[PDB]
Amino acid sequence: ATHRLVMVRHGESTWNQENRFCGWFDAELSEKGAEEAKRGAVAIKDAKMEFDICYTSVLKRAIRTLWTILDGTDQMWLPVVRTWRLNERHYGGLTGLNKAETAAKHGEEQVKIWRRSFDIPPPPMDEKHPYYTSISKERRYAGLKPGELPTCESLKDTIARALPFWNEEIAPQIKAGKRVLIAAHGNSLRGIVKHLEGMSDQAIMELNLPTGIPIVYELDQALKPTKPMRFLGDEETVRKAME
């Protein structure tokens, strides 16, 4: 082990409470999610963990989680890089629907196929979708090269657009000795975990990363983990996450 990497999945959003697919909808943290971020900040501060550079998405539930960590650890001065490549999976036409609405519109067996599939995408977000203008036409995506803006993503698609950011931007920083923090989303972090651990498609779909709980990796010089991921927090919080 040579390098320490820390990742955090943001806590609960307002739409997670409504069992509503958020995806690229820019949902706010709930009060519970903000408290989870503060808990993770305390754990990082207590462990005396310093960072040198931070990465997040363009979605405020992740950015706010990062901000809470930086505030609570007195690291507000650190460089922060945002990228759409760390965004949550794009749920396509399912964006904004709850579980019952999704099932009524698309079929229970069909929705089960999508939920359990690594590589079958949900339906596209088309120009008639209520959130099309506010997502697909939003100026924060205007710099994407033609062909990069998704209408929908399978998990395979999400991972395929996240990994290039890891390889080209994050990994060289780690190799230079920088201590990285990544505050992002379950499915984008899954892409990094899958790569670090060399996991199968099935294995990554069985991993539900705990929320607001910092995840610590120790990596060798080739960025290969030398031991299992560890969670930071109070004993009880950590024991639960280990389950």
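Quick note: we count residues from 1 along the sequence shown, nothing fancier.
- With 71-79 and 168-176 compared on mean CA B-factor from the PDB entry, the stretch scoring higher is 168-176.
- In this entry, the higher average B-factor at the C-alpha atoms falls on 199-207, of the pair 46-54 and 199-207.
- Within the listed group 91, 141, 132, 118, the record reports its top CA B-factor for 132.
- Among the modelled residues of the chain, residue 153 sits in the lowest third by CA temperature factor in this PDB entry.
- Sort the modelled residues of the chain by CA B factor and residue 64 lands in the lowest third.
- Sorting the modelled residues of the chain by their CA temperature factor places residue 125 in the highest third.
- The entry lists a Cα temperature factor for residue 215 that places it in the lowest third of the chain's modelled residues.
- Residue-level temperature factors show residue 35 in the middle third of its chain, judged at the C-alpha atom.
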